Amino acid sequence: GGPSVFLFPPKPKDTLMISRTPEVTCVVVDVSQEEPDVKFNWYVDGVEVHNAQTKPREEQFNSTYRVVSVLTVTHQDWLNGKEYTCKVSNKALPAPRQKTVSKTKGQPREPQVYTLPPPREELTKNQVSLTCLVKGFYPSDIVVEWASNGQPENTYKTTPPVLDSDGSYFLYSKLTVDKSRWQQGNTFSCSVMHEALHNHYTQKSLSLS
């Protein structure tokens, strides 16, 4: 039971947000200490690449080694459907262990986004919750965030994706705001980024009417 390889995809935030840089990460574990120097080979649609940043053999608590390599991807390359292979070689193993990862397959379904105001029985309280329903999207990789009067917010929570009755997912975002600022005529904005949208972004608005 020697080396074990695990390949992880980039984070949806990174793939969807232009200014970021998404990464694909190869993790080798249980590298035992007789022969602990491991060599990485990276392939993109079967073409070798060499621009990954391989880390040095970190130690572990179970007196095993854990080596990591990070390959930079370009946004459109990941969302075009290319496939990323990590082939890992170590002196103590029969034939190099390999793993591939690529974008979740299935025909992309675009999310419908809706904004829900506070219920009637919540106005008695000091703070009110605005709701953002995001439903009908596939794949499940999604980013949702709020912003009020042009500039961001931090005070919000988003449920994990929930599989719906028809192979699509949905989620809810919640934003706690002060009833004073809600009923004094301020606009809030729910914004979602997902691969199937126009410019990978759309946003709905909410404001007392």
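So that there is no doubt, residue numbering starts at 1 and follows the sequence shown.
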Tell me which stretch, 138-146 or 48-56, has the higher mean Cα B-factor listed in the entry.
48-56
Per the PDB entry, mean CA B-factor is higher for 105-113 or 84-92, namely for 84-92
Can you tell me which of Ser69, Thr159, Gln33, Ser168 has the highest Cα temperature factor in the record?
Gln33
Split into thirds by Cα B-factor across the chain's modelled residues, where does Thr124 land: lowest, middle or highest?
highest
Looking at the entry's B-factor column for C-alpha atoms only, identify whether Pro12 ranks in the lowest, middle or highest third of its chain.
middle
Per the entry's values, where does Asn41 land by CA temperature factor relative to the rest of its chain, in the lowest, middle or highest third?
middle
Per the entry's values, where does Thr25 land by CA temperature factor relative to the rest of its chain, in the lowest, middle or highest third?
lowest
Compare the C-alpha B factor of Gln98 with those of the other modelled residues in its chain, then answer lowest, middle or highest third.
middle
